[PDB]
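Please read the structure below before turning to the comments.
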Amino acid sequence: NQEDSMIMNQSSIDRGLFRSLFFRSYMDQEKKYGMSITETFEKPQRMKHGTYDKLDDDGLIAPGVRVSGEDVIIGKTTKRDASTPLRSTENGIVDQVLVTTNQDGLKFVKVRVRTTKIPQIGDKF
Amino acid sequence: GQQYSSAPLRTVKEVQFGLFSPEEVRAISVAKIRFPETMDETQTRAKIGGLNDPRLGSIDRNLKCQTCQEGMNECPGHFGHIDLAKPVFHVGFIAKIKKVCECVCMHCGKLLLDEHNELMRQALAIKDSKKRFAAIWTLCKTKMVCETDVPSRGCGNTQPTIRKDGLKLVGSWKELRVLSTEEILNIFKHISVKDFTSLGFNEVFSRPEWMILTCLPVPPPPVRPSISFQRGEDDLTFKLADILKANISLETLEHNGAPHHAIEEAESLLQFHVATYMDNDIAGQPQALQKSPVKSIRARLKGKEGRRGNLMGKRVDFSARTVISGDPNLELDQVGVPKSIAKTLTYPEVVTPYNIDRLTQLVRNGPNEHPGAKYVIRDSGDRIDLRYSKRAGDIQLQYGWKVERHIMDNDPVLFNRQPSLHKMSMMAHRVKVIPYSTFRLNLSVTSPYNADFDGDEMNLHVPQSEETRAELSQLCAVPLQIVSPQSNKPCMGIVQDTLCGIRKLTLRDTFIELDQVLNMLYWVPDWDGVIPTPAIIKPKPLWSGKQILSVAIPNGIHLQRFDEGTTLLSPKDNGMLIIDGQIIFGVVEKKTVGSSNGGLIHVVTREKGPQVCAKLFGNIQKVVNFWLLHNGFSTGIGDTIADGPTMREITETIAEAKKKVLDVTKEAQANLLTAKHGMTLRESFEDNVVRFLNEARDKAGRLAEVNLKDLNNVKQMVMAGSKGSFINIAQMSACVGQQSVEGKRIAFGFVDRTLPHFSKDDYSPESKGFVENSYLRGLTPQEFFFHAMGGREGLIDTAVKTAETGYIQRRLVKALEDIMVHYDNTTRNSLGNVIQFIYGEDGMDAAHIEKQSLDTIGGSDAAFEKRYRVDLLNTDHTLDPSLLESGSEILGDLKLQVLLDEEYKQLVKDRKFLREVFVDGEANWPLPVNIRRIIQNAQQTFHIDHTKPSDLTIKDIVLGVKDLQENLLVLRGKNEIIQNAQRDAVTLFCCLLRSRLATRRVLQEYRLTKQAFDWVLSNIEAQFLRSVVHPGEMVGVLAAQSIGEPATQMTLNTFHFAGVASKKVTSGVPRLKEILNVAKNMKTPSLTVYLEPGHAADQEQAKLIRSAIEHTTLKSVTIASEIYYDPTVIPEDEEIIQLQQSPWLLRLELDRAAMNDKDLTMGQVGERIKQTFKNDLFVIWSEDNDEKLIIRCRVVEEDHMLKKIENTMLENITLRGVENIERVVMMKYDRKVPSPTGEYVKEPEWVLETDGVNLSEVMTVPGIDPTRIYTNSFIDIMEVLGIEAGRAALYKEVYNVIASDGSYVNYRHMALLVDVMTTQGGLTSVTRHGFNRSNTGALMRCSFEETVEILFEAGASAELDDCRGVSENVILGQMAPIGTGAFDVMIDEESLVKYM
Amino acid sequence: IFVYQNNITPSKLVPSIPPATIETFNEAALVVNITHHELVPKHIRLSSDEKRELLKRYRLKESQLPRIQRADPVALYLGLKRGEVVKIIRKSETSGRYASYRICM
Amino acid sequence: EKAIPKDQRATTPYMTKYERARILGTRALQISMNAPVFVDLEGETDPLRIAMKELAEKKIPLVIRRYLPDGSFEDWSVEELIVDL
Amino acid sequence: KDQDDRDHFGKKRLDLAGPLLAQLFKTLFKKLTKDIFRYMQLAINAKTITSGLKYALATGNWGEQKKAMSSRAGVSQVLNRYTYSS
Amino acid sequence: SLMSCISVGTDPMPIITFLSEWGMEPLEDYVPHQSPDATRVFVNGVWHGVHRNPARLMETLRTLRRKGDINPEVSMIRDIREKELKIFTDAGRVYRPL
Amino acid sequence: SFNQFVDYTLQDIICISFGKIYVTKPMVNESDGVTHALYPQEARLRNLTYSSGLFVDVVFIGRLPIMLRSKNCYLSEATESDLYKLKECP
RNA sequence: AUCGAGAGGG
DNA sequence: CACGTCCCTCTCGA
Ligand SMILES: Nc1ncnc2c1ncn2[C@@H]1O[C@H](COP(=O)(O)OP(=O)(O)OP(=O)(O)O)[C@@H](O)[C@H]1O
Ligand SMILES: [Mg+2]
Ligand SMILES: [Mg+2]
Ligand SMILES: [Mg+2]
Ligand SMILES: [Zn+2]
Ligand SMILES: [Zn+2]
């Protein structure tokens, strides 16, 4: 606890003390391109260097699915890829996926990924 | 990668700056830029043979370039070009073009002047290239005609007074002519081959005709790239198409139908693009914008970010960063690195029989296993990723491969907080891989980085070669850095937990029993495993706190400290004495175990070693902390409670203080305020008022400290020095105090009142911002707000006024870069120019220097004899035979008493010399080799018998010393020049030597044997020869930090006390900025003028001197002025009058109080009026006996022509005193002077300070000491007393802002900067013009302000960069001739076979 | 040497004799000798055989030497000229006596 | 070209910490590149500790060419330079 | 009488959401009606108020039409929501 | 602050109008060297009136607000020491309640 | 300060010259579907502008963003159980 | 992605 | 009339 840092009771953390929830909200949409040619969400056949497998064939991950590193939480096509990989720095659990359309009618996607943060040696209080 | 090229490999030693010719651009150009089209043959990925890769660099990663087949990574790029249809002024040379056209016959092409003119043959003598070309253009723009002889030469056309409209030039004749680009170009081309050369130019590298662009160089893609997502070119690739668009308009607009008005437009348009293209932040101009502004090439290079943040500083591989936490079970020179970092951070180890067995295991462990590896690099060199390579298992390593392996336990790493204002803020530690994602560092290495473990973040860098490795461990190791040159003291020491519990431990009440003692003993890894016989035995074997502590202190240490009343039988366990690494008496606190000038840390690192002390740090953090673990220590609101008749006592102090300040409050309410001299009644009042609170609030802070027992916790932490200060206890328990914003108290934001809850015009302390309550009691609604105002003022210092000190340092570090001690002990720069002849005027290193006392100086002339004089021809004054071996057989010996005289004679020649250098009689100064220590470390070593006599001859002592001095080398040399600067360099040290090796002292108080003596001589010789600074030391970049760190760092701890102000941002940060920039408009020009020699203590001489320089005018005494018509009409005047002109009267009344406040009368006032106007005015006046003091003047339109005489008579009429001298304060200072008995004594003497600086006149006054006078305006002193006299004033004005808060930096640093500006001829300010203008290498001076501009006039004057300054090598990617680079390393076939 | 009381005609008239240095000082600054002041150290002229010595013994180039202004209140007092060097003995708080050298730029 | 002879030396006779550091480093980098070890590798693996043992026995075949400001220099052999530290 | 205090708060104002919109709406409506006086030579634009208003509330820079170089940048910022008090 | 609120903008005319109706001499016909001791009136930092009996009006207006017939946000000062009366329908004044 | 801008300050800026100006509670016009009952949460998730509407008698003008709890905003009048059912927070 | 804008941390 | 400390972490908009 020296120099204005502190000692945390791990027993009390295990019992839940200062356990945080965390959320992230990746977004993407099907872009419209002049001659009505538009993008599309889907598992493709260029590709990103991460694990597409956790995707579905609608280019999405369904909630309640663990995810790590550069996994794909959103597959898209402009073959010609525009898939959205997970934050290279987070290891979460998919929470809730949303699909609606724009004021242009574009297929609009928002993935939410959930993690519980746990008071670690180095955390600020 | 980069393939191998046959080409030889060299380093860059010369950088030739010049200018392209239009013909050389056409030469190198790998492809003519014909089209403005991006890269669109058919907008295919195939680019267009017109712009982008017509042969230049490649645009596609999967495409080799059309010139050098290497493609992408390897292709330097290849410049193109576009032939300009019409010449164009270069944006940067625009003004330099004019400066030339002003100098040369715009028709003849020859110079407007030549060698037949006295000033031109003078200016031409200047071979300084740029100072000549300035001294030419100065006296050339005037003479505006092509002369024909005037004793022939040469047609005669008058020259035009040229001016510039922006991108175009014009000159008047008598004719409005817009000077043409080609016409100027045609004039420049005809300039005499030798004419332009003598004009600051060059025959081959920088012809003037090339400041006009006839052919533009196109940079290849790598300069103006293009990235895909589809594509999109670079802001400069656009700007080029813009230039080419503007050109192709001219190409055709001028080929066919020439409409002249259009031709003269698309040309000016093109000139625009070529202009902004290079510089788009121009003087006038709109500053172009493309669908916006645009990126000028000059903007790429502008300081801070842009090759100053691409070359002076880079982002780097092999680096890391995370949160830092503190560890008491780590070693000082370590850094707990999280596992993950050590799996991403690697080190390219080379495969060798020494490591091959370890290396292959790692490889098999792979990139996932902690002690694994990531890459393997073969003979061929292609990288082999151990995560994906199939052969990541059956891979067989070869000797000479590289195994980029994980960083393991005990590798050297560069560690650093980020405010890198310190040599210490970047240290090298041993890696110690550990879990959790924090960097962990030993709590004692916090103070160097100024790190706490509160969301603090630290970088980590990792070497890549075994030599940069050794470079970190042999120079930048944390223990290597334990004692700083900054303040020649330890910069690490015990802090926090360990400190608080180490005085708690080192007590007499504090005893440790056996079950606790064996635990402590074990924690010491270097423990001798022997149980110390217990200080207390039998009742119950107990051990003293200090006693048990001593096994961690290493046997061989002797330390000695005396506090207040500390005896040899310590009263309150006072002071400190450690003998042979065991504690004798005294409590251990900050003084003992901190980073004290002569603390335990300091002593252990010198007489034992760097790494020895480091282990000491841990050996104490492991024990002391362990004891505190099981003793425990806390702190509550209970510790901020006095309440018991000490809060009944304090409250009274604040009551009278509201009456002692109410005293003056009512005094001046009825005028009865005896206003101080100089400071008005209001100013005065507040000054006394302001300290009646601060002196009372500070008296409740010692009343607080008193009640609080020795069992108080807040009190305990401050006693050890753990944390906390005197103020803290006061504010928390007693009283907060006045809140100071901008120095002064809380002012009246509302009209004449401080708050809408307060009476108007209320001056009381409660209204002006005095917090009568403490933090315990809790402030009031008002007390809080003011305290909140004062804090902000602080929070502003700590966040807004830090940019002042971070900038002064940048300048410091930039004007002192190349400054390093050289191999002849010269302190030079990158030109070889001598800044000093021995670093710190004694060639010493700042770390081996310690503040010991020269007893030869201060003290009684009587005691001097007693302590040094040895009279062999005498029965009373001779060394009693009990102290020498031959005291009775040498008693009376006269051939020997000749040397005891020679010795005693050089001692007095000493004493009287020191009193010349240290006029104030101060005898404690810093010098190498702690002699006060060495003799002690010799008494314990040979066990000196205070009874038995010494086995030394007078021959031994006085001659050993005489020979010891000859071997105390600084500069090694042969001729008299250097030898005579040897004597000098040492001279002072030898004074301490002869002082402490006095033949009386050696045998009376030291009791040295022979062996003990000779031992002391030889160790002194080395401890000195070690203290010599090392040729390589970057003393300049070091003094810069040493001066800049405390300034930037002091104004970061300003809110730790909230509203306190003090001299943080009052005379420190401010004046220092003045001092560095020099600047004549000093904010407080003061002349501290010392009195006369004789009558210095009697005031009347000072009161008479006061009025002789105070300066006085009519305006001073005058009350009112009135023009009258009267040819004899004034009532109260008609009496004084009975005792040609004009009926116009000028009548002015004077102030009685004023008139005699300056010891004035009327006749003096008058006679000067008569004298300033002579027999052209008629003047009369009353008397001092008169009721109305009046002067009546007649002229001798004249009513408004007389107002001129009044407004001239008021402020321009000089009475007594010297001009500019606006104020004068008389003051009595206590100056130390030697009494007739020889001892220094405190005899006051009167001195006067001014609010004006006219040195040239005030010194010549009769009645002062013209040798002691002093003005803080060092600028004026350089002007009056010469540069060398100024240098001292400069230093004195630098030190005077350093010795206030953070009151120590070592002479050397300050003197170097000081000498830096000095040794030029005059004051050379630390500013982008002051020093940056020197003859340094071009790139060097461009690394600090005026970045693109500097590189311009470099290539325009065909400048050459030496490549000797650090910045140069940094920009070039070469080892800089800096310490480890100041030498070269070679292998002689001889040696290699001597050990074949 | 001439001592103009309050003024001198610019009737320029000074540098006019080859084998003569035409020096000029005013009466006002000569009232108090500046070289007596606390901060002004001993300035010593260097013989042309001393300069040519110090320059080779410190292996120097003429430019590299610390410079003293031509019009320095002390450079005139000693009647320095271009190229003359002046050893300077100041009492330093590290060596007691420190030898510095300045050339008259 | 010019240079200085070993009987006209004048530089500090001890080893500059920067020289010692760059020599311990230089040899370490060379020793780790499979260069001959001129000292008795007594159970050593680290290429720095070998160089520290090589500099403790002064069996380092290197000469420090100390450049003085005037351009000219004066080599000192590692084995002749004292090592006070 | 004293010198007028520059930082006296009772004399400094606080342009809030409404007047901010006013400054934006006017410079916008002023330019929509300039396009109206061009329609002479409903077919009158409407994005000029829609987008030009979105433009400011999005960037934060306060429109000043579109070309707002260093002119009022940082007025519309996204809301913090790590705590309620935040 | 918490209590802190910001003005919003009132129309001045129904307040300028109640000034003339109660003792304001329009600036067009002002007699300086005749009615010199006359506190100046300032509606939104503009001067278009002066008054004979100031304190009686500071009280007359001060209760129009405290009633409502004058908006509660408009702040009004009388610099008795300087014989002046500034009134504000200004939009942007930060006021607290007391 | 938003309302006092709405309930008046609008018709002021208008002064071909136009008459009193009318504002619509916030709706959005999407690709097919035309009039969408646009709410805060709706546009918050769907990434749309909480834009009201501008109409004046000389006729459509543009879209005015409405601040929540303001004049032309729906939540101004609504209640706890209303917002709870509106996926909005009380 | 790049430029701009902003909010934090030490 | 040109500088205006050092790094580090995220958000968003053509
Ligand atoms: N603006 C800044 N510029 C440079 N360095 C800064 C700046 N702000 C903080 N620092 C550095 O970070 C540290 C700031 O101190 P810190 O914020 O850790 O507070 P503290 O002194 O622990 O405060 P407290 O009194 O509340 O304990 C110092 O080491 C300082 O050098
Ligand atoms: Mg901190
Ligand atoms: Mg802290
Ligand atoms: Mg802080
Ligand atoms: Zn190429
Ligand atoms: Zn001619």
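Lettering and numbering for the structure tokens are positional, with chains as A, B, ... in the shown order, residues counted from 1 in each chain, and ligands counted from 1 in the shown order.
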Next on the checklist: Quick check: residues of chain G within 10 Å of chain F, only C-alpha atoms, returned as a list in words.
Outcome noted: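 The selection requested is residues 1, 2, 3, 4, 5 and 9 of chain G.
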Item to check | Shell of 6 Å around segment 85-101 of chain C, only C-alpha atoms (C1' of nucleotides), local chain residues under 6 positions omitted, as a ChimeraX atom specification | outcome: /B:841-842,917,984-988 /C:41-46
File of the preceding selection, N, CA, C and O atoms, as a PDB file, in the first residue's frame:
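Full text of result.pdb as output:
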ATOM      1  N   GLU B 841      35.499  24.247 -13.443  1.00  0.00           N
ATOM      2  CA  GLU B 841      36.729  24.948 -13.090  1.00  0.00           C
ATOM      3  C   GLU B 841      37.628  24.128 -12.167  1.00  0.00           C
ATOM      4  O   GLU B 841      38.563  24.674 -11.573  1.00  0.00           O
ATOM      5  N   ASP B 842      37.354  22.824 -12.029  1.00  0.00           N
ATOM      6  CA  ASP B 842      38.253  21.941 -11.294  1.00  0.00           C
ATOM      7  C   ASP B 842      38.284  20.539 -11.892  1.00  0.00           C
ATOM      8  O   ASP B 842      38.764  19.616 -11.219  1.00  0.00           O
ATOM      9  N   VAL B 917      38.730  34.446  -1.482  1.00  0.00           N
ATOM     10  CA  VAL B 917      37.757  33.807  -2.360  1.00  0.00           C
ATOM     11  C   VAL B 917      36.379  33.777  -1.715  1.00  0.00           C
ATOM     12  O   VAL B 917      35.364  34.016  -2.380  1.00  0.00           O
ATOM     13  N   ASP B 984      46.368  25.549 -10.403  1.00  0.00           N
ATOM     14  CA  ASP B 984      45.098  26.249 -10.264  1.00  0.00           C
ATOM     15  C   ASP B 984      43.972  25.279  -9.925  1.00  0.00           C
ATOM     16  O   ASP B 984      43.359  25.370  -8.855  1.00  0.00           O
ATOM     17  N   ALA B 985      43.694  24.334 -10.827  1.00  0.00           N
ATOM     18  CA  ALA B 985      42.596  23.386 -10.661  1.00  0.00           C
ATOM     19  C   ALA B 985      42.561  22.791  -9.260  1.00  0.00           C
ATOM     20  O   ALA B 985      41.493  22.685  -8.646  1.00  0.00           O
ATOM     21  N   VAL B 986      43.731  22.401  -8.748  1.00  0.00           N
ATOM     22  CA  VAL B 986      43.805  21.752  -7.442  1.00  0.00           C
ATOM     23  C   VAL B 986      43.797  22.785  -6.320  1.00  0.00           C
ATOM     24  O   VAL B 986      43.043  22.650  -5.350  1.00  0.00           O
ATOM     25  N   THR B 987      44.612  23.833  -6.465  1.00  0.00           N
ATOM     26  CA  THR B 987      44.855  24.858  -5.445  1.00  0.00           C
ATOM     27  C   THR B 987      43.900  24.814  -4.254  1.00  0.00           C
ATOM     28  O   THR B 987      44.341  24.771  -3.100  1.00  0.00           O
ATOM     29  N   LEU B 988      42.600  24.832  -4.510  1.00  0.00           N
ATOM     30  CA  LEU B 988      41.605  24.886  -3.441  1.00  0.00           C
ATOM     31  C   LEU B 988      41.568  23.586  -2.645  1.00  0.00           C
ATOM     32  O   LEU B 988      41.582  23.607  -1.408  1.00  0.00           O
TER      33      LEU B 988
ATOM     34  N   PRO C  41      37.759  40.657 -12.521  1.00  0.00           N
ATOM     35  CA  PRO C  41      38.989  39.967 -12.122  1.00  0.00           C
ATOM     36  C   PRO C  41      40.236  40.540 -12.784  1.00  0.00           C
ATOM     37  O   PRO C  41      40.155  41.454 -13.608  1.00  0.00           O
ATOM     38  N   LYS C  42      41.399  39.998 -12.420  1.00  0.00           N
ATOM     39  CA  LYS C  42      42.644  40.393 -13.063  1.00  0.00           C
ATOM     40  C   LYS C  42      42.616  40.013 -14.539  1.00  0.00           C
ATOM     41  O   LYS C  42      42.423  38.842 -14.884  1.00  0.00           O
ATOM     42  N   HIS C  43      42.799  41.003 -15.404  1.00  0.00           N
ATOM     43  CA  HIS C  43      42.955  40.790 -16.836  1.00  0.00           C
ATOM     44  C   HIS C  43      44.400  41.075 -17.218  1.00  0.00           C
ATOM     45  O   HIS C  43      44.916  42.161 -16.937  1.00  0.00           O
ATOM     46  N   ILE C  44      45.050  40.100 -17.847  1.00  0.00           N
ATOM     47  CA  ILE C  44      46.475  40.164 -18.153  1.00  0.00           C
ATOM     48  C   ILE C  44      46.658  40.101 -19.663  1.00  0.00           C
ATOM     49  O   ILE C  44      46.098  39.220 -20.325  1.00  0.00           O
ATOM     50  N   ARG C  45      47.449  41.024 -20.200  1.00  0.00           N
ATOM     51  CA  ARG C  45      47.760  41.004 -21.620  1.00  0.00           C
ATOM     52  C   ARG C  45      48.687  39.836 -21.942  1.00  0.00           C
ATOM     53  O   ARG C  45      49.491  39.403 -21.112  1.00  0.00           O
ATOM     54  N   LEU C  46      48.567  39.321 -23.160  1.00  0.00           N
ATOM     55  CA  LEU C  46      49.363  38.189 -23.612  1.00  0.00           C
ATOM     56  C   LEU C  46      50.314  38.634 -24.713  1.00  0.00           C
ATOM     57  O   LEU C  46      49.884  39.221 -25.711  1.00  0.00           O
TER      58      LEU C  46
END
Using only C-alpha atoms and all ligand atoms, find each residue in chain A having at least one atom no more than 9 Å away from ligand 3; report its shortest atom-to-atom pair and that distance in Å (one decimal), rows by chain then rising number, as CSV.
residue,atom,partner,partner_atom_place_in_ligand_line,distance
A:3,CA,ligand 3,1 (Mg),6.7
A:4,CA,ligand 3,1 (Mg),5.3
A:5,CA,ligand 3,1 (Mg),7.8
Show me, as CSV, the residues of chain B having an atom within 7 Å of chain C, each with the closest atom pair and its distance in Å, using only C-alpha atoms.
residue,atom,partner,partner_atom,distance
B:832,CA,C:64,CA,6.0
B:833,CA,C:64,CA,3.8
B:834,CA,C:64,CA,5.9
B:840,CA,C:94,CA,6.9
B:841,CA,C:98,CA,6.0
B:842,CA,C:95,CA,5.2
B:917,CA,C:91,CA,5.4
B:927,CA,C:94,CA,6.9
B:977,CA,C:54,CA,6.7
B:981,CA,C:99,CA,6.5
B:984,CA,C:97,CA,5.2
B:985,CA,C:95,CA,4.8
B:986,CA,C:95,CA,5.7
B:987,CA,C:95,CA,5.8
B:988,CA,C:96,CA,4.7
B:989,CA,C:95,CA,6.9
B:1256,CA,C:29,CA,6.7
B:1260,CA,C:32,CA,5.6
B:1266,CA,C:37,CA,6.4
B:1267,CA,C:37,CA,3.8
B:1268,CA,C:38,CA,5.8
B:1280,CA,C:73,CA,6.2
B:1281,CA,C:34,CA,5.7
B:1282,CA,C:73,CA,4.8
B:1283,CA,C:72,CA,6.8
B:1284,CA,C:40,CA,6.5
B:1285,CA,C:40,CA,4.5
B:1288,CA,C:39,CA,6.3
B:1319,CA,C:66,CA,4.8
B:1320,CA,C:67,CA,5.2
B:1321,CA,C:68,CA,4.6
B:1322,CA,C:69,CA,7.0
Item to check | Backbone DSSP call of alpha helix (DSSP H) for segment 17-95 of chain C, listed as a PyMOL selection string | outcome: chain C and resi 48-57+73-77
Dump N, CA, C and O atoms for the selected residues as a compact mmCIF listing (two decimals), in the first residue's frame?
# COMPACT_ATOMS: atom_id res chain seq x y z
N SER C 48 52.64 38.33 -27.97
CA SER C 48 52.46 37.58 -29.21
C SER C 48 53.18 36.24 -29.16
O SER C 48 52.80 35.32 -29.90
N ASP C 49 54.20 36.11 -28.31
CA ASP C 49 54.83 34.82 -28.06
C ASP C 49 54.10 34.01 -27.00
O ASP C 49 54.33 32.80 -26.89
N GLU C 50 53.24 34.65 -26.20
CA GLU C 50 52.40 33.91 -25.26
C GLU C 50 51.15 33.38 -25.95
O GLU C 50 50.77 32.22 -25.76
N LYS C 51 50.49 34.22 -26.75
CA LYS C 51 49.33 33.78 -27.52
C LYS C 51 49.69 32.61 -28.42
O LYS C 51 49.09 31.53 -28.34
N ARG C 52 50.68 32.80 -29.30
CA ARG C 52 51.14 31.70 -30.15
C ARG C 52 51.52 30.47 -29.34
O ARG C 52 51.59 29.37 -29.89
N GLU C 53 51.77 30.63 -28.04
CA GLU C 53 52.06 29.49 -27.18
C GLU C 53 50.77 28.85 -26.68
O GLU C 53 50.52 27.66 -26.89
N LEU C 54 49.92 29.64 -26.02
CA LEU C 54 48.67 29.11 -25.48
C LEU C 54 47.81 28.47 -26.57
O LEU C 54 47.04 27.54 -26.29
N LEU C 55 47.92 28.95 -27.81
CA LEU C 55 47.10 28.40 -28.88
C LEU C 55 47.56 27.02 -29.30
O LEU C 55 46.74 26.18 -29.69
N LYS C 56 48.87 26.76 -29.25
CA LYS C 56 49.40 25.44 -29.57
C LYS C 56 49.41 24.50 -28.36
O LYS C 56 49.28 23.29 -28.53
N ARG C 57 49.55 25.05 -27.15
CA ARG C 57 49.54 24.22 -25.95
C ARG C 57 48.15 23.71 -25.60
O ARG C 57 48.02 22.62 -25.03
N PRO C 73 34.46 47.27 -21.50
CA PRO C 73 34.99 48.27 -20.55
C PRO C 73 36.39 47.93 -20.03
O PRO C 73 37.13 48.84 -19.65
N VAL C 74 36.76 46.65 -20.02
CA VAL C 74 38.11 46.28 -19.61
C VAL C 74 39.06 46.17 -20.81
O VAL C 74 40.25 46.47 -20.68
N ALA C 75 38.55 45.73 -21.97
CA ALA C 75 39.41 45.62 -23.14
C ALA C 75 39.97 46.97 -23.56
O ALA C 75 41.08 47.04 -24.10
N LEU C 76 39.22 48.05 -23.33
CA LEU C 76 39.73 49.38 -23.61
C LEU C 76 40.71 49.83 -22.54
O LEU C 76 41.80 50.32 -22.84
N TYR C 77 40.33 49.66 -21.27
CA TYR C 77 41.20 49.99 -20.15
C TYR C 77 42.62 49.49 -20.36
O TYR C 77 43.59 50.23 -20.15
Next on the checklist: Just want the 10 Å neighbourhood of residue 2 of chain D, counted on only C-alpha atoms (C1' of nucleotides), with same-chain residues fewer than 2 positions away dropped. Output as a PyMOL selection string.
Outcome noted: chain D and resi 4-5+71-73
Checklist entry - Quick one: residues within 12 Å of ligand 6, with only C-alpha atoms (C1' of nucleotides) and all ligand atoms, as a PyMOL selection string? => result chain B and resi 104-114+144-150+152-159
For ligand 2, collect every residue having any atom at a distance of at most 6 Å from a ligand atom (counting only C-alpha atoms (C1' of nucleotides) and all ligand atoms); output as a PDB file with C-alpha atoms (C1' of nucleotides), in the first residue's frame.
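result15.pdb, written as the output of this step:
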ATOM      1  CA  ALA B 451       6.701   8.127  -9.219  1.00  0.00           C
ATOM      2  CA  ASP B 452       3.899   7.158  -6.870  1.00  0.00           C
ATOM      3  CA  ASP B 454      -1.468   5.925  -8.048  1.00  0.00           C
ATOM      4  CA  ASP B 456       1.208   5.917 -12.459  1.00  0.00           C
TER       5      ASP B 456
ATOM      6  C1'   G H  10       0.071  10.377 -14.856  1.00  0.00           C
TER       7        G H  10
END
Item to check | All residues having an atom within 12 Å of ligand 4 (only C-alpha atoms (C1' of nucleotides) and all ligand atoms) as a list in words | outcome: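 Checking only C-alpha atoms (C1' of nucleotides) and all ligand atoms against ligand 4 at 12 Å gives residues 451, 452, 454, 455, 456, 794, 795, 796, 797, 798, 799, 1052, 1053, 1054, 1055 and 1056 of chain B; 8, 9 and 10 of chain H.
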